[PDB]
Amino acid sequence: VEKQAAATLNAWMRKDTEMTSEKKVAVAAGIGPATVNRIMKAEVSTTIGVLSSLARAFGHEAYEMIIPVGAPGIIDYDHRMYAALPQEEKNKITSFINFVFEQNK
């Protein structure tokens, strides 16, 4: 979980135009230069708030960083395209998903 957050945070750090900097991530996130480090070494178990501040600096949200590899549970798509659709169309997907689910129960 911490160790997920570490890799995610490092992987984004190895990518991104700001290059890599515990300083720049601290600067972008608005937390101290020494806390990033403690988080990136998976030494301290950080707060969700601080997690949020971190994901946002890269253009992401907190949960995204604490997702288990393989990502069981997650689906492939373009989010605007999904968000841009009528509400009545959405409950089609919710109705379908759980149909499948409880078909198996």
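When you see a residue number, it is the position in the sequence shown, counting from 1.
- Remark: stretch with higher mean C-alpha B factor among 28-36 and 74-82 is 74-82.
- Per the PDB record, of the two stretches 47-55 and 64-72, 64-72 carries the greater mean B-factor over its C-alpha atoms.
- Residue-level temperature factors show residue 93 in the highest third of its chain, judged at the C-alpha atom.
- In the deposited entry, the Cα temperature factor of residue 9 sits in the bottom third of values across the chain's modelled residues.
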